[PDB]
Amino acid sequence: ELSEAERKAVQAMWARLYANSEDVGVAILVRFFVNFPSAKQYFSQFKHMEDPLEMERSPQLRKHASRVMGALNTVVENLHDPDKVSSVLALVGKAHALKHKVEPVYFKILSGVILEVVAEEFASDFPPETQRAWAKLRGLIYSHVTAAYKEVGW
């Protein structure tokens, strides 16, 4: 699926991202929660927050951003090892299905926001090959997370 060079393009860009994983990750989630306020129903501490300026200062938001960024870090850094990606993504899916009861589609939506922000951030380093690499990564995330929702009885 993901080629050598495509793996390498994602990984090189992810490293530039992760150098401010904390700012990037909350910016992403703030954007997500601003543009899809329905997604915020699952978070006790900011379900009724509207102000982006407050959302950005929320510890529960910031914690989720840090944990999402950590999981995807595991995925991106280990794209060469398909079994560590399956297991990370299966843990995540199952958790979201059962612990948190999150509709799977919000994964699609969040991923679209991620892609929007990565494109903005690397606008001067986003050639078709690199767009393709990210699109495949996004699609692979959704497959494994979908498969996990089915495995558990969603």
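Here the rigid core means the biggest group of C-alpha atoms that line up within 1.5 Å when the two forms are laid on top of each other. All residue numbers are counted from 1 along the displayed sequence.
Between 94-102 and 124-132, the larger root mean square Cα shift in 4 other deposited structures of this protein, once each structure is superposed on the rigid core, falls on 124-132. Remark: stretch with higher mean C-alpha B factor among 81-89 and 37-45 is 81-89. In this entry, 12-20 shows the higher mean Cα temperature factor of the pair 131-139 and 12-20. Across the residues 104, 59, 112, 52, the deposited record lists the maximum Cα B factor for 52.
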